[PDB]
Structure formats: C-alpha cells, structure tokens
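Colleague: Got a structure for you, questions after.
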Amino acid sequence: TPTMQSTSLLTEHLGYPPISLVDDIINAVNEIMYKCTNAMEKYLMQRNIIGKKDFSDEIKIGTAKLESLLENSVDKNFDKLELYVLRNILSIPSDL
Amino acid sequence: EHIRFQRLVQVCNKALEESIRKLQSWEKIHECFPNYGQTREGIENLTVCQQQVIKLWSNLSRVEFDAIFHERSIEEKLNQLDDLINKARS
C-alpha cells in the first residue's frame, strides 16, 4: 500500500515516476479520441446533403454530443485503468 | 512467472474496447443524428462512418500504446519486478 518509500524505489527501478507511464497512456487516448470525433465530423460534412435537405446543422451538434459521450466513457474507463495499474502492476507488495 | 506486463497489455486493451462501446451501438449513433438517420443513404453513410472511426481508433491506439511501452522499456522493467518479487518469496 503506497508510500513515498515504495514509489521512490519503483522510480529508481523504472527510470521515471510510475505516474508518467499512466499519463502517457491517458494523454495518448485523449489525443486519439479527438482525432476520431474530428474525422467523424469531416466524413459526414463531406456528405451533408442527401436528396435535397442540408444536414450540416444536425451533423455538427450530433458529433458534439457523441464526443461528450466518448469523453465520459474514456474518463470512466481509464480512471479505472489508472487505479488498477497503480495497485496491481506499478506497485511493490508488503514484503519490502 | 511473468504476469505484470501481461496485466498491463490486457487492461489497456480492455479499457480501449470499453471506451468506444457507446460508439458501437447503432442506437446512440441514431439519436445523435435523428433526421440524418431517417434518410436512406444517410443510414449508409452513418454505418460506414462508425466502421471507419472504430478502425481509426483501434489502429492508432494499438500503435501509440506499443510505442509508449517500448520507449519506457516497461516490459523489461515489469519482468525484472516479477523476478524480484518471486525471488523474495522463495
């Protein structure tokens, strides 16, 4: 269970603070998330007219709603990932 | 005997698949674009759009996560931590 002692030792072993790995992961997935919502709006806007109606409006608000849903899923799931990793992977048992 | 790097690869992959769940549901993608759905070809565009976005999500996360794991030598470091832990309990 975490202390400055165990984390400092794991830092010496890794070459970096444990949380820098989790940060890289989370920072990477958040960049990918916004690439995906950006590609979705770009794909649909290219195809914003069908028949005779112009859906340019519904597309931008609709993609903004899906991005908010992904932000919440990403936030929920990788908060769990952060906990698990720091408890079961980047951690030293009580043997010390 | 080595389990930690495998836990890491598995939960990372798990977390990624769980995060795009509500993007795989054709019902959520049908209510963010209600009118665009009712159209015949708007359906065809939406369904190909989610396929391509899910693809982009999987391929980029794949490559970027493995790059991180190599940069930080995390597999070696976690293997050595498994060895040290197993050695302590011997």
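Chain lettering (A, B, ...) mirrors the order of the structure tokens, residue numbering begins at 1 for each chain separately, and ligand numbering begins at 1 in order of display.
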So which residues touch stretch 82-93 of chain A within 12 Å, counting only C-alpha atoms, skipping near sequence neighbours fewer than 4 positions away, as a PyMOL selection string?

Modeller: (chain A and resi 1-11+13-14+16-26+74-78) or (chain B and resi 2-12+14-15+74-75+77-79+81-82+84-86+88-89)

Colleague: Return the neighbours of chain B among the residues of chain A, cut-off 7 Å, counting only C-alpha atoms, as a list in words.

Modeller: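 Every residue of chain A that passes the 7 Å test is in residues 14, 25, 28, 29, 32, 36, 40, 43, 55, 58, 59, 62, 65, 66, 70, 73, 74, 77, 78, 81 and 89 of chain A.
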
Colleague: Give the strand (DSSP E or B) residues of chain A, as DSSP finds them on the backbone, and put them as JSON, numbers by chain.

Modeller: {"A": [49, 50, 53, 54]}

Colleague: Would you return as a PyMOL selection string the members of chain A that DSSP assigns to alpha helix (DSSP H) on this structure's backbone?

Modeller: chain A and resi 4-14+18-46+56-88

Colleague: Mind pulling up the distance from atom CA of residue A:79 to atom CA of residue A:96?

Modeller: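 Separation of atom CA of residue A:96 and atom CA of residue A:79: 27.2 Å.
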
Colleague: Atom CA of residue A:80 and atom CA of residue B:13, how far apart in Å?

Modeller: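 These atoms are spaced 12.8 Å apart.
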